[PDB]
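Below: the structure, in structure tokens.
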Amino acid sequence: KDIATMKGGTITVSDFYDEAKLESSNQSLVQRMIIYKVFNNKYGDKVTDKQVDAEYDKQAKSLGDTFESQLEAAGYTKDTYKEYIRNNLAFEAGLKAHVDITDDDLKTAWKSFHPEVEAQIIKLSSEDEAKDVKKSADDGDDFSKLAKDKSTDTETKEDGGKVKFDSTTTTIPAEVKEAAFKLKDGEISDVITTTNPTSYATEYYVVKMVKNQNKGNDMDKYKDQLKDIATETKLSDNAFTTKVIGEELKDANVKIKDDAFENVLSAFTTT
Amino acid sequence: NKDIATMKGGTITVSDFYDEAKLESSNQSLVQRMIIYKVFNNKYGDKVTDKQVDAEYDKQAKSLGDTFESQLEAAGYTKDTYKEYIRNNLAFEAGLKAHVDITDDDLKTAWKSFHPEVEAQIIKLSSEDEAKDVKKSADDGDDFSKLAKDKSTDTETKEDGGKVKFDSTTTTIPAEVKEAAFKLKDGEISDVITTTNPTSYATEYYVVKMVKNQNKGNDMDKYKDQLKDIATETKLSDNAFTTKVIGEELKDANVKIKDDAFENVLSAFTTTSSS
């Protein structure tokens, strides 16, 4: 009840509500809170604790030893950042449940798909460093040796910079996939400038092609994964998700009891 | 707690809303302001009257049209509730004012760029030719008042013969205008004057006739009441100032945050060790 007190006067949760319920930020909030609840009641069974754990783990290693404490900063606990993860997973489950892929959808996926290749990567923090490296590889230093000695991708460095990837591989920069796929077997890239998911990560890279793969004609060979890429595409359209969310709110018979949020769903329940 | 909404298996209560909202940064700031408002209201509230609330409401209302009434429903406010906001800011500023102790220096600064009240006439034109034409007219003769009535696009002043009274502090008059105006001797007509603003960006032109200029002289004591005013208004907008004052009043009110989720909400005002 009491959020704070002072000489003559108390501020309650109720007093806080009456103010907050006006704020735009809280319009958006109660919207999301309704959406999450509806999708959780419907698609929540499709999401497992294992997958929540998995997603937590993923993002945690991808965000430092400080993550634990970066959540204190964002007001979250562990168990409550999971709750957010569990909300997003059931949400996307729901969207996925409304995907019906078309021969067009597939064709679009295809047009820019590349199948899995084996390659070796050296990553450097400098431009000279990578320029210097490419000359080395030109001379004929063993790739794996240069990789072992130099690559700053500690992920791959001990293995001779061996990576496997396709057009969809997320951990690998776009400028890299771009250059790599061009290469014939045993051919070494030029230097490659890029940006990473960081927001400023201006890395450089050299690449050796181990096993390139041509995709051919009959797209049916890669139909299982084309279905996938295609599905991921739709899940990012707002025309799509708007519609889907629209449908599910209708399905769940959502009734706004507080006049203050009477308008909160209007973005969906409309023509 | 009340239900905010319901659906097939599931209710969202105010309580459920709270536990989520109390994390949001927006709501950090909110409970901050709400604590500050309450503290100043308990202390300086008597210094604010319903009349002054009404006054402030009225002011802003006429300054927005038939829009306003309905622009508040848009911002989630009622009339009764927008008043409560006005009453919160008035008691806030009351409190700040209560901590102003002006210095000889404060006054001196006010003085340095003060000009006392002058009587003048202003014609506003939306063209450059129009105003160039006008200045020749005033040069010829014809009553200033007449030219003002016929031409000035400032419907504010147009019916009065363009009579304005103002000083250095008058906000409704463009600074490039006050600049040119104060230079003028009595009965002297300005040159054309280009300027800005109005609707946050524009290019108006102005002609000015000086009716009664006033020199400020030496003894700054003559204008002590209004220098104190300018000075007071200056302090009320210093952050170092207001921070300190708000700091003090929270201390005075022995504010205790009962929900760990806002434990940090007053920290901007809790001055501590700095070496």
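Within each chain, counting starts at residue 1; across the structure tokens, chains are named A, B, ... in the order shown, with ligands numbered 1 upward in that order.
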
(message) Can you tell me which residues surround residue A:68 at a distance of at most 9 Å, considering only C-alpha atoms, apart from same-chain residues fewer than 4 positions away, and format the answer as an MDAnalysis selection string?
(response) chainID A and resid 60 64 72 77:78

Next, write the just-selected residues to a file, as a compact mmCIF listing (two decimals), in the first residue's frame, keeping N, CA, C and O atoms as the atom set.
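The file below, out-v8.txt, is the result:
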# COMPACT_ATOMS: atom_id res chain seq x y z
N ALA A 60 22.88 -14.15 -22.05
CA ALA A 60 23.71 -13.88 -20.89
C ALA A 60 25.18 -13.92 -21.28
O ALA A 60 25.92 -12.98 -20.98
N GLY A 64 28.07 -10.31 -21.22
CA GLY A 64 29.13 -10.06 -20.26
C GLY A 64 28.92 -10.78 -18.94
O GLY A 64 27.86 -11.37 -18.70
N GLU A 72 19.67 -5.76 -12.52
CA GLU A 72 19.42 -4.90 -11.36
C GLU A 72 19.22 -3.46 -11.82
O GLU A 72 18.36 -2.74 -11.31
N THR A 77 14.94 -8.97 -11.96
CA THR A 77 15.66 -10.08 -11.34
C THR A 77 16.03 -11.07 -12.45
O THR A 77 15.87 -10.75 -13.64
N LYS A 78 16.53 -12.25 -12.05
CA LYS A 78 16.77 -13.36 -12.96
C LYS A 78 15.41 -13.97 -13.30
O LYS A 78 15.03 -14.03 -14.47

Just the residues within 10 Å of residue A:184, please, counting only C-alpha atoms, with nothing from its chain fewer than 4 positions along; format it as a PDB file with N, CA and C atoms, in the first residue's frame.
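Wrote it out as around-v1.pdb, contents follow:
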ATOM      1  N   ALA A 180      32.496 -14.447 -48.816  1.00  0.00           N
ATOM      2  CA  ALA A 180      32.880 -15.834 -48.674  1.00  0.00           C
ATOM      3  C   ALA A 180      32.276 -16.685 -49.787  1.00  0.00           C
ATOM      4  N   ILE A 188      41.349 -17.669 -50.984  1.00  0.00           N
ATOM      5  CA  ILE A 188      41.420 -16.826 -49.799  1.00  0.00           C
ATOM      6  C   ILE A 188      40.817 -15.470 -50.147  1.00  0.00           C
ATOM      7  N   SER A 189      40.005 -14.931 -49.232  1.00  0.00           N
ATOM      8  CA  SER A 189      39.269 -13.696 -49.462  1.00  0.00           C
ATOM      9  C   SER A 189      40.241 -12.534 -49.611  1.00  0.00           C
ATOM     10  N   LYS A 208      39.214 -18.176 -45.851  1.00  0.00           N
ATOM     11  CA  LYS A 208      39.676 -19.201 -46.767  1.00  0.00           C
ATOM     12  C   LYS A 208      38.499 -20.127 -47.051  1.00  0.00           C
ATOM     13  N   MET A 209      38.263 -20.425 -48.321  1.00  0.00           N
ATOM     14  CA  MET A 209      37.110 -21.259 -48.587  1.00  0.00           C
ATOM     15  C   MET A 209      37.549 -22.716 -48.482  1.00  0.00           C
ATOM     16  N   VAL A 210      36.843 -23.489 -47.653  1.00  0.00           N
ATOM     17  CA  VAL A 210      37.171 -24.896 -47.597  1.00  0.00           C
ATOM     18  C   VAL A 210      36.210 -25.635 -48.512  1.00  0.00           C
ATOM     19  N   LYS A 211      34.915 -25.591 -48.191  1.00  0.00           N
ATOM     20  CA  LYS A 211      33.950 -26.300 -49.004  1.00  0.00           C
ATOM     21  C   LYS A 211      32.742 -25.415 -49.304  1.00  0.00           C
ATOM     22  N   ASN A 212      32.782 -24.765 -50.478  1.00  0.00           N
ATOM     23  CA  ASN A 212      31.648 -24.037 -51.014  1.00  0.00           C
ATOM     24  C   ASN A 212      30.600 -25.034 -51.512  1.00  0.00           C
ATOM     25  N   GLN A 213      29.327 -24.610 -51.552  1.00  0.00           N
ATOM     26  CA  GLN A 213      28.256 -25.442 -52.076  1.00  0.00           C
ATOM     27  C   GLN A 213      27.343 -24.598 -52.954  1.00  0.00           C
TER      28      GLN A 213
END

Sorted by chain and rising residue number, list the residues of chain B at most 6 Å from chain A (counting only C-alpha atoms), each with its closest atom pair and distance in Å to one decimal, as CSV.
residue,atom,partner,partner_atom,distance
B:4,CA,A:257,CA,5.0
B:5,CA,A:256,CA,4.3
B:6,CA,A:255,CA,5.3
B:7,CA,A:254,CA,4.5
B:8,CA,A:252,CA,5.0
B:23,CA,A:75,CA,5.3
B:76,CA,A:22,CA,5.2
B:253,CA,A:7,CA,5.1
B:254,CA,A:6,CA,5.4
B:255,CA,A:6,CA,4.6
B:256,CA,A:5,CA,5.5
B:257,CA,A:4,CA,4.3
B:258,CA,A:3,CA,4.8
B:259,CA,A:3,CA,4.9

Please produce an output containing C-alpha atoms for each residue in the selection, written as an mmCIF file, in the first residue's frame.
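Contents of part_20.cif, freshly written:
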data_model
loop_
_atom_site.group_PDB
_atom_site.id
_atom_site.type_symbol
_atom_site.label_atom_id
_atom_site.label_comp_id
_atom_site.auth_asym_id
_atom_site.auth_seq_id
_atom_site.Cartn_x
_atom_site.Cartn_y
_atom_site.Cartn_z
ATOM 1 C CA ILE B 4 -8.163 -3.136 -15.530
ATOM 2 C CA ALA B 5 -9.192 -5.765 -18.049
ATOM 3 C CA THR B 6 -10.411 -9.326 -18.476
ATOM 4 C CA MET B 7 -10.201 -12.089 -21.078
ATOM 5 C CA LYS B 8 -10.855 -15.825 -21.538
ATOM 6 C CA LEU B 23 10.067 -1.067 -13.030
ATOM 7 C CA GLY B 76 -5.963 11.842 -20.301
ATOM 8 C CA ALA B 253 9.720 16.310 5.364
ATOM 9 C CA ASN B 254 11.580 13.141 6.446
ATOM 10 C CA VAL B 255 10.739 11.238 3.292
ATOM 11 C CA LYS B 256 10.909 7.437 3.638
ATOM 12 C CA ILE B 257 10.535 5.202 0.533
ATOM 13 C CA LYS B 258 8.477 2.182 1.586
ATOM 14 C CA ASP B 259 8.818 0.259 -1.697
#

(request) Compare B:147, B:138, B:118, B:74 by their minimum atom-to-atom distance to residue B:170, counting only C-alpha atoms, and give me the closest one. (result)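 The shortest atom-to-atom distance to residue B:170 comes from B:118.
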
(request) Could you check how far atom CA of residue A:108 sits from atom CA of residue A:230, in Å to one decimal? (result)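 Those two atoms sit 7.8 Å apart.
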